[PDB]
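Okay, so here's just one chain, in structure tokens, the form deposited in one PDB entry.
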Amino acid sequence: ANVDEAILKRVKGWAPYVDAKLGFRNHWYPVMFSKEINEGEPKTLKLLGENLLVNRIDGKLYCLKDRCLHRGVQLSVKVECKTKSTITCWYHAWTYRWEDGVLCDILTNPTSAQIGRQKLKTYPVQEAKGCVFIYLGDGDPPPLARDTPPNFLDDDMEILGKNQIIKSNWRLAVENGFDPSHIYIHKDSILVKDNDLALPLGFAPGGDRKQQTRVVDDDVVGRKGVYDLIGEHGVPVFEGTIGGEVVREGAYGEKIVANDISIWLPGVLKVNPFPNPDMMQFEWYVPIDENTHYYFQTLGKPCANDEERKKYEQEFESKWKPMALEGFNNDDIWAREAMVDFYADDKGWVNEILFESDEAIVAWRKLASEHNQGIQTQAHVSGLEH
């Protein structure tokens, strides 16, 4: 659908992942924080190439396609919400219900035969952990847990975060995050010194292929992911040599982090524990279009009462956001950007030369290829045909 068929033949058995340049349909995706959208103040965003409107009405979130059925304009060019339950297109006043998208009135012609006989596309929206998730899919949504990493939705788990727009395809972001050897780029992070981390330069793998990862297709809520097990039979590399001469060393700190690393559909990474031995990082790479993604970062820490939550919030702001989310992950951002050119023409997928640690990524490409709930296409974006 999205990629030259000749390229897809050459990547037999990751073909669906390579074709998924616009992301996977029929999954939940986070797109903003609860606090960023107030009652009766609609917001625009693009998700899987589709312009959407989100509104809060009586505290509850509704999502409509931001495209009038009449002449295809964005309603958001000029929002006219003239009753709590509706939005009126600024152009000829076609009026839609937030709840089901039905065209319930037209101000310019209250006798039109279109009234009650057209419906704008809606998508389910759910808040959880102060995060807004949209189900960019058709039919009844699965439970959110299916599309979230283990422990993200535990009651005591306190989630704080940052979101921004990054100029790479979402897959470059996923692959970079789940890439065992990419740790090399983090070797000079401020967070490595100022939080005393142990961080290898890389890994000398051991064991067979299958032992490099755990493929999860047996989780009870239907989650699908891969654990990076390179450290189980593998030896960490702390001395980097060229011609046998030591030219770089890893970091010899006390704090042990990233005991478990896992990537889940539709494209969320869990690193545990990180950036501190008492915390978790969950980050999403959410497809906006083929060139762009939301880098939706969250840090989870169990909190037992309001006091622990106050405490957490204060170190999040003063330490963990500037030192980890920025000071550690900024390098991830420009690593992703550096892969764009080679993958832009879809040929990177056939001309890359992989090495042993890339077995984690291969396993993700196969898991995504097989367990995704649908390939988003340009036809989904441009609509059904009249």
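We number the residues from 1 along the sequence you see. Each form is matched to the other, and the largest set of C-alpha atoms that superpose within 1.5 Å is called the rigid core.
One more form of this protein, deposited in another entry, exists but is not displayed; see below.
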Checklist entry - Hey, after the core superposition between the shown form and the other one, which of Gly72, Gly207, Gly222, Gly139 has the C-alpha moving 2 angstroms or more? => result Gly207
Item to check | Threshold 2 Å Cα movement between the shown form and the other one at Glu290, rigid core reference | outcome: no
Next on the checklist: On a rigid core superposition, would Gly231 pass a 2 Å threshold for CA movement between the shown form and the other one?
Outcome noted: yes
Item to check | Sense of CA distance change between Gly231 and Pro302 in that other deposited form, threshold 3 Å | outcome: closer
